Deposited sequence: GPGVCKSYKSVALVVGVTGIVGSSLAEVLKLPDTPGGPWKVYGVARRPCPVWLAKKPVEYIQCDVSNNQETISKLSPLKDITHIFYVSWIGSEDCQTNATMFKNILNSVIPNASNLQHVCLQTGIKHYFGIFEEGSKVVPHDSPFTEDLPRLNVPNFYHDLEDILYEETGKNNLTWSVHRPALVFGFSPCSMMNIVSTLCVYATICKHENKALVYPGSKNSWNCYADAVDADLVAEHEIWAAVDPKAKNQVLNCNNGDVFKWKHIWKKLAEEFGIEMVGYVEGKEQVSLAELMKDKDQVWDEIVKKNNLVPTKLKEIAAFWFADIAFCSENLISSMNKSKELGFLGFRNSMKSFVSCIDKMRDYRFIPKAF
């Protein structure tokens, strides 16, 4: 029969990532703006089984290799929108820049109907890198800090390449992401579910390892599905074009309240913040747990994951010494994007979803 017709064709670079995996779902929903969408999903690893059960055309490609990327993406003549939702896993400015340049150099000369490039960075734009920050609430008019942030390099490539080629652009700066991918290098919900699961397995309480300040302060986050919706909005709506845009759930929460919910969701005792205690390292608490995780996977018949891949304990340790990082959604709301989530409900939805996918044990 005949070749299928699509209104829009997405290239999702980082399709196994915390946002890319949500784009793989949201782009294929019937009422999604710009649909019907065809989705090409790029990542470096072989396609996981969980993603092979989705109507996404997977392209295995190391996007840090220019020749390989040209070979794999230059045939894709029908792309209309690029969603760059990847990073190399370190803060190296040049390796990250190379990945994004390779996508653009392979696609721009070959996709005659290309319209738009979405670049995903983050709120680290406002306060620095992990290796003086702005005061908050963070707004998109704040200037770059004088530090070597790879986000700066990615933006500079975006502006140059889109300007030369009459393409529109958007920069998306999500808050901390609440999502479900077990292949992410920075997935807080999965990290905390894994910790809770190990505590439950060992008959131990859910002990909060963080700082006092992070227990009590206001924090914010963004559901991965909302980031997907926001990127799609900017890809399709002329009002959003050529803009830098924050993305968060629209509300605030406290880790104190999340912690209680996490313990309830796993049916275990909570030990909250104890007055006078200093933060301890969750990465250190978990450093010898690789074989315990392997045993838990086997006992619960989970999708097989390596502990350091499903969990990022180092990233929880950063979250638990952070404060004063709230970002503003006013610019997006003023431009007409009114999407939101209840963050407490979002956190629980992500636990539910990871259980459905068999990444984390069911409640017992």
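- Within the chain's deposited sequence, the coordinate-free stretches run 1 to 2, 134 to 138 in sequence order.
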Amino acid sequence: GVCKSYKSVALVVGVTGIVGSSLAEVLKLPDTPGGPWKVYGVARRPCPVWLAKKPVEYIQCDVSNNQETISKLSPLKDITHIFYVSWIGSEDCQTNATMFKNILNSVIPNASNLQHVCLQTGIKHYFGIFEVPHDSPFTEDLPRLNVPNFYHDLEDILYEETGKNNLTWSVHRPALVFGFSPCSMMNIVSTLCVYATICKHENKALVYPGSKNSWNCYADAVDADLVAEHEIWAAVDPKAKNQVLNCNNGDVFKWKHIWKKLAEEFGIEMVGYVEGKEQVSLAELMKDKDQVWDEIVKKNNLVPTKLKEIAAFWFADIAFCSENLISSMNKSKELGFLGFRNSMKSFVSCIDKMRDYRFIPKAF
From here on, numbers count along this sequence of modelled residues.
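- The PDB entry reports B-factors from which the mean C-alpha value can be compared for 82 to 90 and 200 to 208; the larger average falls on 200 to 208.
- Note on 273 to 281 vs 214 to 222: mean CA B-factor is higher in 273 to 281.
- Taking only the listed residues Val132, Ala228, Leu158, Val252, the entry reports the highest CA temperature factor at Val132.
- Listed residues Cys193, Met186, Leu76, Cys118 were ranked by CA B-factor as deposited; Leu76 comes out on top.
- The PDB entry assigns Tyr58 a C-alpha temperature factor belonging to the middle third of its chain's modelled residues.
- Per-chain ranking of the deposited C-alpha B factor places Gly179 in the lowest third.
- The deposited CA B-factor of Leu245 belongs to the lowest third of values across its chain.
- Split the chain's modelled residues into thirds by C-alpha temperature factor. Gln67 is in the highest one.
- In the PDB entry, a CA B factor belonging to the lowest third of its chain's modelled residues is recorded for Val171.
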